[PDB]
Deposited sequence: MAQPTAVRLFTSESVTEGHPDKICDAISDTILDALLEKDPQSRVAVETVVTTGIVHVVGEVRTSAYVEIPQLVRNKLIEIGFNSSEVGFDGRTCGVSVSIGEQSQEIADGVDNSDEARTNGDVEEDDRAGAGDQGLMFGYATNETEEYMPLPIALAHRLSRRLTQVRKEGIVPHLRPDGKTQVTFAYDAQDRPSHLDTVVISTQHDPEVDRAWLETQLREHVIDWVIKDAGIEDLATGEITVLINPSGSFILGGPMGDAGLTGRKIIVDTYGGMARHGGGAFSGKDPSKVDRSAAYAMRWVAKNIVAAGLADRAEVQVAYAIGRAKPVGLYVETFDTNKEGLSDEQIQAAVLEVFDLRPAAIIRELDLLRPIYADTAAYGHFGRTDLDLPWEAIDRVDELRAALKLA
């Protein structure tokens, strides 16, 4: 048949005040506090948030002592949960702790599992446009509250971005922007719309440099359903590792299923994901392709990956195959868990910054896995100039 429809692709983000991101953030704050004092701290800490209470749960091996309830109440306060009026208060909320405890170049993976990494040309950050934009809107929505550019806002928020795509699977036009924010009851829906349209949407669209993808009719949906007066843990339970697609590539890329936050870099779910980001970004910035995705997988006890899979979605260049690039990857990168930590210098308190507004393509941060410092070595292995 002749009817065609336009393909729209969507990615979402959430603020630090979303109860899932609260948990990812408390988990990574506890990890950081421990690495500050004992860099070799073994840490797998789940946070759960429900009305009035934060549960801290999981396994720690450490020489340090850290005041977990103070870490929790303080992080809740930076986030902005500082009264019962806004629905949660760091100073007066519950904290419950249930923690217990159950290197070598060739020391094996602590678990089996699969981990994916992705990079693309479409943005300077090497990040797909939909999630990059969704993240920018969620960062900005927190910023205009914290710097007091828009008054009456509260920490809980979600953003969503839908883009029109050409037949070649390339971004073409910004179609639909959704922003839902928590706020005071003294503020309505019309006032919020002009505030966020001005100070968040129009602002990010300029700062991202995409004003040529945002001409004509754009559907803008601001708080399109219900009064977002209360939020965070009040009414809506949060857990660590329930925002893994927000954490990554916003659905543009595949995922091995493992969460990041609350895990020290010994956990291949976290460090191998970061490694695959590193490998992928270096594949693309070395001009071996426009888009690259790399899976790795491990067996518990074994140190050499049990698997590695390169895909460039027909963006391959210099008449190279994915099997050829992958050979180069094996030649350039060392993917034993203990080597990745050495290579990316991961034994440091840098994780709390990654718990909200993405672990990848972070221009506001300085992440070891975002370094494009293996491009030359890749080009050499493929006999390129």
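Asker: What ranges of the deposited sequence are left out of this structure?
Answerer: Those parts of the chain that were deposited but carry no coordinates are 1, 104 to 124.
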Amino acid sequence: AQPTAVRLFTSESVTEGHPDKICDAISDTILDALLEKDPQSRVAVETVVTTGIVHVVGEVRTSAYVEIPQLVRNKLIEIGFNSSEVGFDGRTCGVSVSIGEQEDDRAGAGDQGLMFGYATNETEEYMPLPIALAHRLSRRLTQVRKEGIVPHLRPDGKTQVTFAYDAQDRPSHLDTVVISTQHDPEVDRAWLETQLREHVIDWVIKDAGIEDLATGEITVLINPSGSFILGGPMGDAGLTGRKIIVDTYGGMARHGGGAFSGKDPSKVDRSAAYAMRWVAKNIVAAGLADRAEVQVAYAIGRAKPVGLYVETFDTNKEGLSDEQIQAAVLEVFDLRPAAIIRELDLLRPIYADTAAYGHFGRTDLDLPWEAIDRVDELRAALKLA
From here on, numbers count along this sequence of modelled residues.
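Asker: If you average the CA temperature factors as listed in the entry, which stretch comes out higher, 168 to 176 or 121 to 129?
Answerer: Per the deposited B-factors, the answer is 168 to 176.
Asker: Give the stretch, out of 152 to 160 and 222 to 230, with the larger mean C-alpha temperature factor in the deposited entry.
Answerer: Looking at the recorded C-alpha B-factors, 222 to 230 comes out higher on average.
Asker: Highest Cα temperature factor in the entry, among the options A273, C93, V187, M252: which one is it?
Answerer: Across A273, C93, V187, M252, the entry lists the biggest C-alpha B-factor for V187.
Asker: Go through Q182, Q195, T215, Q112 one by one and give the residue whose Cα B-factor in the PDB entry is largest.
Answerer: Of the options given, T215 has the highest CA B-factor in the PDB entry.
Asker: Should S41 be placed in the lowest, middle or highest third of its chain by the C-alpha B factor in the entry?
Answerer: For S41, whose C-alpha B-factor we compare with every modelled residue in the chain, the answer is the middle third.
Asker: Relative to the other modelled residues of the same chain, rank the CA B-factor of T354 and answer lowest, middle or highest third.
Answerer: For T354, whose C-alpha B-factor we compare with every modelled residue in the chain, the answer is the lowest third.
Asker: Lowest, middle or highest third: which one holds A371 when the chain's residues are ordered by CA B-factor from the entry?
Answerer: It belongs to the middle third of the chain when residues are ordered by C-alpha B-factor.
Asker: Lowest, middle or highest third: which one holds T312 when the chain's residues are ordered by CA B-factor from the entry?
Answerer: Middle third - that is where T312 ends up once the chain's C-alpha B-factors are sorted.
Asker: Test of reading the entry: by CA B factor among the chain's modelled residues, which third contains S13?
Answerer: As the PDB entry reports it, the C-alpha B-factor of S13 lands in the lowest third of its chain.
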